[PDB]
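In what follows, a single structure is set out as structure tokens and then discussed.
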Amino acid sequence: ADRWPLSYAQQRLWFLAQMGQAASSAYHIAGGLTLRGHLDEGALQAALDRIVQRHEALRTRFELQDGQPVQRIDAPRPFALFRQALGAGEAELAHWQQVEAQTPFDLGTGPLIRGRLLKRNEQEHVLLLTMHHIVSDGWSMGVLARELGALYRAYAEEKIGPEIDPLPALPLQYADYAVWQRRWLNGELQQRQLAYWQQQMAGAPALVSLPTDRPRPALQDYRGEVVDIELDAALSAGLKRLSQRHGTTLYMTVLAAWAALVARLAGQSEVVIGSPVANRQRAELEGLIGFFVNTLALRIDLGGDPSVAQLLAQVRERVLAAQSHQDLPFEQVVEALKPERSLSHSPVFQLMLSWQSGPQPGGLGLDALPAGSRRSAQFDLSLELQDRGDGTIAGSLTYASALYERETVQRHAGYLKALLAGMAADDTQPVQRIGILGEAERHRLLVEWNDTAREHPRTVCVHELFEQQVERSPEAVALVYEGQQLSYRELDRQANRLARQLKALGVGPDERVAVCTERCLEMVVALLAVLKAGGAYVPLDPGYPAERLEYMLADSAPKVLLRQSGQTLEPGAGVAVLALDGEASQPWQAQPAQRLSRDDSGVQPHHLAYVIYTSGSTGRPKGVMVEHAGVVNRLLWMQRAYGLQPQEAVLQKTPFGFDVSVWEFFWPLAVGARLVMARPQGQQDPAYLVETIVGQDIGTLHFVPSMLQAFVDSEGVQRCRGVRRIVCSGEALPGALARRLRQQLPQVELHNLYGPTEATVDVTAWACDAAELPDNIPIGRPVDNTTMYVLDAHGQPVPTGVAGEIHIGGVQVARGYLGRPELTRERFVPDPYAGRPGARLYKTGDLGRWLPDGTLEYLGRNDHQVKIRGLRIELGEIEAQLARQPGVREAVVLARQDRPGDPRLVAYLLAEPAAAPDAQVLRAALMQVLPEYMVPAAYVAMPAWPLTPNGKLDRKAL
Ligand SMILES: [Cl-]
Ligand SMILES: [Cl-]
Ligand SMILES: [Cl-]
Ligand SMILES: [Cl-]
Ligand SMILES: [Cl-]
Ligand SMILES: [Cl-]
């Protein structure tokens with residue numbers, strides 16, 4: 001009664017079996033062989049009987065002893081080979097090998113190895129062989145088939161007596177290996193390898209952030225499908241030559257390839273790829289049939305932007321260092337590491353790469369049988385390659401169906417094949433500069449989704465768009481400011497009168513003119529007069545402190561300051577002050593109202609139209625110099641896409657220091673509509689906006705998302721039934737706010753626009769016309785004559801769904817920053833995708849990605865990125881889940897970076913009038929919908945949001 005102990009891997013399967021969790025097909029080692037030719041059924045029986053005679057693991061039962069399990073061994077016995085028939089057909093054979101992989105074993109009585117001899121013809125059989133994983137592994141099937149083929153060829157063809165064993169005796173058995181392991185796990189060598197893996201995996205990314213077609217569920221879906229993958233002869237020989245030159249194996253070279261590709265796609269510097277390893281280092285163990293295989297986590301780093309040779313050198317050492325510590329079980333590694341085991345994904349790694357040797361290179365043709373169609377997706381992606389004897393490298397890429405689509409995985413293999421080709425071609429280049437996109441996807445990202453060319457007039461300025469409209473519609477109303485009105489002709493006369501006094505002074509092409517005034521009729525007269533005079537207008541909002549105005553006034557270095565009456569702003573010497581209204585304005589109001597000749601101004605579309613300064617969030621304000629031709633294209637597109645009618649009205653409600661006011665001014669003036677100048681900000685009642693919309697019948701309106709929220713919640717918002725369009729710019733628009741505007745005002749058409757001040761005004765637009773609106777409202781498709789690109793660190797287009805830096809190109813890119821050329825050269829780079837002489841490209845610093853439908857998605861700034869566990873976090877997904885909770889009206893989540901290198905998530909709430917929210921109610925209910933690392937630590941309530949001068953949400957005031 002000899003009772004031997006279990007190995008660590010066997011005790012885990014026994015513990016899982018007692019709980020009823022070792023019932024999967026992954027715990028059965030199934031194989032098959034097709035036997036073409038006449039079959040000596042007596043010799044095949046003698047071969048199977050000798051295998052169980054040799055390997056006492058195939059005679060092993062499992063039972064209890066003093067509470068703990070033991071490894072009982074029986075005496076040799078004949079093999080349980082079941083004979084049956086088999087009809088020809090791919091489906092009939094796939095059924096019986098599915099039964100072999102599905103049917104459970106009896107660990108108490110056995111046997112733990114079985115087979116089926118499926119007879120097809122009198123000279124063709126299919127031998128299926130299946131054994132439990134507590135007794136075998138993948139290497140064991142190779143030993144079983146190799147040992148079976150030699151025993152049959154000796155008993156059948158050589159006529160060796162079944163009495164004797166024609167193969168060499170085993171030096172030891174699996175029970176000997178278990179006794180050695182139990183003594184090893186209690187010694188210092190186990191402490192060394194556990195100490196190595198903690199240090200090696202310290203700070204590694206817990207979860208990969210590969211872009212998936214669907215979000216990953218709370219409970220992992222183990223269902224999976226497969227995508228074939230094959231490398232042709234030229235690539236395989238090039239990879240074998242590359243591996244020989246750098247001292248790596250084909251496994252190491254593919255590992256460096258996949259880890260480099262996943263780094264680009266997931267937006268992470270480090271990638272952790274799992275891999276099985278045959279724990280058969282002792283040469284005596286290579287011929288045994290036992291549970292030996294172990295898992296190794298390989299941590300690859302690409303933060304240094306390495307070359308091909310430097311990445312291969314890294315993977316070489318990290319694999320050899322991992323293989324020199326493979327004795328430690330992987331379950332003790334995941335237990336010794338910090339990250340918590342989640343039900344949504346696998347621990348430590350979510351991607352696995354595996355390699356295996358080729359087929360075995362007679363009378364009976366023992367050809368191998370391929371695996372079944374079904375594959376259990378134990379991880380997100382599983383790459384399993386082999387070196388075939390014909391000179392190619394082929395395998396299968398198994399993907400979890402709940403995460404990816406079949407089309408997405410086919411592109412993933414295409415990236416890897418193209419990446420491997422670049423590594424074999426040139427080993428000196430940086431591995432992340434290698435091209436991976438196919439010709440179809442590259443042409444779709446660069447050309448098809450940038451097909452925005454339009455033949456607009458390019459020899460016209462913004463003031464000429466107005467001069468062409470006053471001749472078509474002179475007697476129609478153009479400006480409305482508190483009862484007073486001005487026709488298109490009277491406005492053109494007032495602008496021409498002021499333009500002559502500016503032209504009498506030193507105003508000309510590219511000269512600046514500062515305009516300091518609150519909203520009135522003279523504000524639009526000043527702007528048109530500056531453009532007519534040939535210069536560019538610099539808006540100076542008097543609501544800002546005098547310190548800011550005196551800086552923008554000195555930095556712009558204008559020729560004239562157009563100042564309102566009650567304004568104490570004073571400029572420096574050299575520049576002339578000129579009154580805009582009041583008694584001090586009669587010098588220019590007495591000018592002839594005749595229009596200035598085009599050759600007198602000398603203005604051109606390539607000259608400056610305005611210089612609007614930035615808010616100064618990351619330094620002092622910068623003057624963005626925008627030319628005439630860019631504003632014309634921006635205005636002509638807005639009319640082409642929305643079609644403003646001459647009878648409609650537009651409300652000038654955005655501060656004219658905000659470049660959104662540009663189209664609020666000149667779009668209705670270039671088409672024929674009337675512009676209602678709203679009352680100045682400091683003189684407005686909370687109910688002023690609602691009564692001004694219905695009082696003046698405003699057609700087109702603009703809001704920033706945080707201001708649109710106050711408009712929806714204002715008193716009497718449903719009275720604004722005459723509104724046709726609402727445009728959103730500045731912030732990101734939540735889907736919950738868009739769906740609430742859909743109910744309050746069903747007739748209005750909401751549009752989402754994106755664009756920095758350096759790209760004229762806006763460059764992309766998206767209509768909220770879908771019946772189903774997403775939580776993340778896309779910024780849309782580019783506008784006319786402007787291209788959009790999502791580039792990586794090397795300025796190259798990233799694949800679809802991959803995050804990168806948004807780059808803007810076309811005619812709307814600004815000339816640069818006034819008086820700061822070095823910053824312009826850094827963020828106004830040449831455009832290589834245009835094919836034009838000196839076309840430029842603006843670096844926005846905004847993170848974004850292309851969606852499969854050809855639209856762009858805003859992902860925030862690069863400096864405002866939040867990461868937990870080395871994984872990017874979308875704070876909008878947390879704010880949206882808070883708003884769904886009862887008792888909460890609005891929510892904002894921020895990342896307060898304390899002393900630890902792991903920021904604290906603080907949530908800010910606007911409560912519903914019913915009651916104030918409770919922290920435990922929000923904590924528990926949100927703990928179920930979101931993971932543990934996305935639940936805020938503290939929740940605070942506020943009466944209202946603090947706002948910026950432009951109406952945006954002031955997150956720094958929170
Ligand atoms: Cl370290
Ligand atoms: Cl390990
Ligand atoms: Cl494609
Ligand atoms: Cl903006
Ligand atoms: Cl918000
Ligand atoms: Cl804090």
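Lettering and numbering for the structure tokens are positional, with chains as A, B, ... in the shown order, residues counted from 1 in each chain, and ligands counted from 1 in the shown order.
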Report the closest atom pair, with its distance in Å rounded to one decimal, for each residue of chain A that has an atom no farther than 8 Å from ligand 6; count only C-alpha atoms and all ligand atoms, sort by chain and then rising residue number, and write it as a tab-separated table.
```
residue	atom	partner	partner_atom_place_in_ligand_line	distance
A:896	CA	ligand 6	1 (Cl)	5.8
A:897	CA	ligand 6	1 (Cl)	8.0
A:898	CA	ligand 6	1 (Cl)	6.9
A:904	CA	ligand 6	1 (Cl)	6.9
A:906	CA	ligand 6	1 (Cl)	7.2
```
Using only C-alpha atoms, determine which residues lie at most 6 Å from range 539-549 of chain A, disregarding the query and same-chain residues fewer than 5 positions distant; provide the list as an mmCIF file with N, CA and C atoms, in the first residue's frame.
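So the final result, stored in selection.cif, reads:
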```cif
data_model
loop_
_atom_site.group_PDB
_atom_site.id
_atom_site.type_symbol
_atom_site.label_atom_id
_atom_site.label_comp_id
_atom_site.auth_asym_id
_atom_site.auth_seq_id
_atom_site.Cartn_x
_atom_site.Cartn_y
_atom_site.Cartn_z
ATOM 1 N N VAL A 515 -10.244 96.389 -29.709
ATOM 2 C CA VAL A 515 -11.646 96.761 -29.552
ATOM 3 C C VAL A 515 -12.048 96.433 -28.121
ATOM 4 N N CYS A 516 -12.276 97.468 -27.315
ATOM 5 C CA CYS A 516 -12.657 97.317 -25.913
ATOM 6 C C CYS A 516 -14.043 97.919 -25.723
ATOM 7 N N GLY A 657 -14.605 87.748 -26.723
ATOM 8 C CA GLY A 657 -13.240 87.298 -26.528
ATOM 9 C C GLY A 657 -13.128 85.807 -26.771
#
```
- What lies within 9 Å of residue 300 in chain A using only C-alpha atoms, ignoring chain neighbours under 6 positions off, as a ChimeraX atom specification? /A:255-256,259-260,269-273,311,314-315,318
- Task: Return as a ChimeraX atom specification every polymer residue, whether protein, DNA or RNA, with at least one atom no more than 12 Å from an atom of ligand 5; count only C-alpha atoms and all ligand atoms.
- Result: /A:704-710,731-737,775,875-883,889-894,907-910,944-947,952-955
- Query: Which residues sit within 7 Å of ligand 4, counting only C-alpha atoms and all ligand atoms, listed as a list in words?
  - Reply: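 Based on only C-alpha atoms and all ligand atoms, ligand 4 is surrounded within 7 Å by residues 729, 730, 755, 756 and 757 of chain A.
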Put those residues in a file: N, CA, C and O atoms, as an mmCIF file, in the first residue's frame.
```
data_model
loop_
_atom_site.group_PDB
_atom_site.id
_atom_site.type_symbol
_atom_site.label_atom_id
_atom_site.label_comp_id
_atom_site.auth_asym_id
_atom_site.auth_seq_id
_atom_site.Cartn_x
_atom_site.Cartn_y
_atom_site.Cartn_z
ATOM 1 N N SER A 729 -20.104 73.872 -28.290
ATOM 2 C CA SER A 729 -18.659 73.892 -28.458
ATOM 3 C C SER A 729 -18.015 74.107 -27.096
ATOM 4 O O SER A 729 -18.691 74.377 -26.100
ATOM 5 N N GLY A 730 -16.691 73.982 -27.058
ATOM 6 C CA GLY A 730 -15.956 74.187 -25.826
ATOM 7 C C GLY A 730 -15.726 72.917 -25.034
ATOM 8 O O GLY A 730 -14.703 72.249 -25.206
ATOM 9 N N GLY A 755 -13.193 72.212 -31.989
ATOM 10 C CA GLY A 755 -12.173 73.002 -32.635
ATOM 11 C C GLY A 755 -11.510 73.990 -31.697
ATOM 12 O O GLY A 755 -12.173 74.726 -30.957
ATOM 13 N N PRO A 756 -10.183 74.017 -31.706
ATOM 14 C CA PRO A 756 -9.446 74.991 -30.896
ATOM 15 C C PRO A 756 -9.370 76.346 -31.591
ATOM 16 O O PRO A 756 -9.712 76.499 -32.764
ATOM 17 N N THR A 757 -8.906 77.340 -30.829
ATOM 18 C CA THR A 757 -8.761 78.688 -31.371
ATOM 19 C C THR A 757 -7.723 78.735 -32.485
ATOM 20 O O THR A 757 -7.824 79.567 -33.394
#
```
- Query: Where does DSSP see strand (DSSP E) in range 492-540 of chain A, if you list the residues as a VMD selection string?
  - Reply: chain A and resid 512 to 516 536 to 539
- For residue 252 in chain A, list every protein, DNA or RNA residue within 10 Å, evaluated using only C-alpha atoms, and leave out those in the same chain fewer than 5 positions away; present the list as a count of residues only. 15
Contacts of chain A with ligand 1 up to 8 Å, shortest pair per row, only C-alpha atoms and all ligand atoms, as a Markdown table:
```
| residue | atom | partner | partner_atom_place_in_ligand_line | distance |
| --- | --- | --- | --- | --- |
| A:199 | CA | ligand 1 | 1 (Cl) | 5.4 |
| A:200 | CA | ligand 1 | 1 (Cl) | 5.6 |
| A:201 | CA | ligand 1 | 1 (Cl) | 7.2 |
| A:202 | CA | ligand 1 | 1 (Cl) | 5.9 |
| A:203 | CA | ligand 1 | 1 (Cl) | 7.5 |
```
- Item | Nearest candidate to ligand 2 (options A:310, A:121, A:324, A:98; using only C-alpha atoms and all ligand atoms) | A:324
Using only C-alpha atoms and all ligand atoms, which residues of chain A come within 7 Å of ligand 2, and what is the closest atom pair for each, with the distance in Å to one decimal? Give it as CSV, sorted by chain and residue number.
```
residue,atom,partner,partner_atom_place_in_ligand_line,distance
A:295,CA,ligand 2,1 (Cl),5.4
A:296,CA,ligand 2,1 (Cl),4.0
A:297,CA,ligand 2,1 (Cl),5.7
A:326,CA,ligand 2,1 (Cl),5.9
A:328,CA,ligand 2,1 (Cl),6.2
A:329,CA,ligand 2,1 (Cl),6.0
A:330,CA,ligand 2,1 (Cl),4.2
A:333,CA,ligand 2,1 (Cl),5.8
```
Export N, CA and C atoms of the chosen residues as a PDB file, in the first residue's frame?
```
ATOM      1  N   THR A 295       3.079  28.162 -15.970  1.00  0.00           N
ATOM      2  CA  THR A 295       2.826  29.412 -16.670  1.00  0.00           C
ATOM      3  C   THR A 295       3.844  30.462 -16.240  1.00  0.00           C
ATOM      4  N   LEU A 296       4.318  31.248 -17.204  1.00  0.00           N
ATOM      5  CA  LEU A 296       5.281  32.312 -16.957  1.00  0.00           C
ATOM      6  C   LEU A 296       4.720  33.634 -17.457  1.00  0.00           C
ATOM      7  N   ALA A 297       4.835  34.670 -16.630  1.00  0.00           N
ATOM      8  CA  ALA A 297       4.425  36.020 -16.993  1.00  0.00           C
ATOM      9  C   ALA A 297       5.658  36.805 -17.419  1.00  0.00           C
ATOM     10  N   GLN A 326      11.334  29.029 -13.301  1.00  0.00           N
ATOM     11  CA  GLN A 326      10.080  28.406 -13.699  1.00  0.00           C
ATOM     12  C   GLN A 326       9.609  27.332 -12.729  1.00  0.00           C
ATOM     13  N   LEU A 328       8.844  27.700  -9.612  1.00  0.00           N
ATOM     14  CA  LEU A 328       7.810  28.234  -8.736  1.00  0.00           C
ATOM     15  C   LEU A 328       6.457  28.190  -9.437  1.00  0.00           C
ATOM     16  N   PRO A 329       5.436  27.592  -8.823  1.00  0.00           N
ATOM     17  CA  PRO A 329       4.117  27.542  -9.464  1.00  0.00           C
ATOM     18  C   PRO A 329       3.551  28.935  -9.692  1.00  0.00           C
ATOM     19  N   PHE A 330       2.820  29.077 -10.801  1.00  0.00           N
ATOM     20  CA  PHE A 330       2.269  30.379 -11.163  1.00  0.00           C
ATOM     21  C   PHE A 330       1.197  30.835 -10.182  1.00  0.00           C
ATOM     22  N   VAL A 333       2.728  32.768  -7.589  1.00  0.00           N
ATOM     23  CA  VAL A 333       3.156  34.072  -8.082  1.00  0.00           C
ATOM     24  C   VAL A 333       2.009  35.073  -7.995  1.00  0.00           C
TER      25      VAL A 333
END
```
- Item | Test item: residues lying within 8 Å of ligand 3 with only C-alpha atoms and all ligand atoms, as a ChimeraX atom specification | /A:411,438-441
- Message: Quick check, in Å to one decimal: how far apart do CA of residue 534 in chain A and CA of residue 831 in chain A lie?
- Response: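 Separation between CA of residue 534 in chain A and CA of residue 831 in chain A: 29.0 Å.
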- Item | range 30-83 of chain A: residues DSSP assigns to helix (DSSP H, G or I), reported as JSON, numbers by chain | {"A": [41, 42, 43, 44, 45, 46, 47, 48, 49, 50, 51, 52, 53, 54, 56, 57, 58, 59]}
Since we have the selection now, will you write its residues out, keeping C-alpha atoms, as a short mmCIF file (atom, residue, chain, number, x, y, z; two decimals), in the first residue's frame?
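Wrote out-v4.cif, looks like this:
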```
data_model
loop_
_atom_site.label_atom_id
_atom_site.label_comp_id
_atom_site.auth_asym_id
_atom_site.auth_seq_id
_atom_site.Cartn_x
_atom_site.Cartn_y
_atom_site.Cartn_z
CA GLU A 41 -5.23 -4.51 -33.88
CA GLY A 42 -3.33 -7.03 -31.76
CA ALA A 43 -0.13 -5.00 -31.89
CA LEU A 44 -1.97 -1.73 -31.22
CA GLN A 45 -3.45 -3.33 -28.10
CA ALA A 46 0.03 -4.46 -27.05
CA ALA A 47 1.34 -0.92 -27.55
CA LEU A 48 -1.40 0.68 -25.45
CA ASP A 49 -0.94 -2.00 -22.78
CA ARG A 50 2.79 -1.29 -22.61
CA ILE A 51 2.30 2.46 -22.19
CA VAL A 52 0.22 2.01 -19.04
CA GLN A 53 2.78 -0.61 -17.98
CA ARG A 54 5.63 1.90 -18.34
CA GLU A 56 2.71 4.53 -13.47
CA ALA A 57 1.00 7.93 -13.72
CA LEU A 58 -1.52 6.33 -16.09
CA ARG A 59 -2.22 3.79 -13.31
#
```
- Mind pulling up the distance from CA of residue 30 in chain A to CA of residue 106 in chain A? 16.2 Å
- Check the smallest atom-to-atom distance from each of A:236, A:639, A:279, A:752 to residue 667 in chain A using only C-alpha atoms, then report the winner. A:639
- Item | Nearest-residue call for residue 465 in chain A, choices A:500, A:561, A:325, A:672, using only C-alpha atoms |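 So, comparing all the options, the nearest one is A:672.
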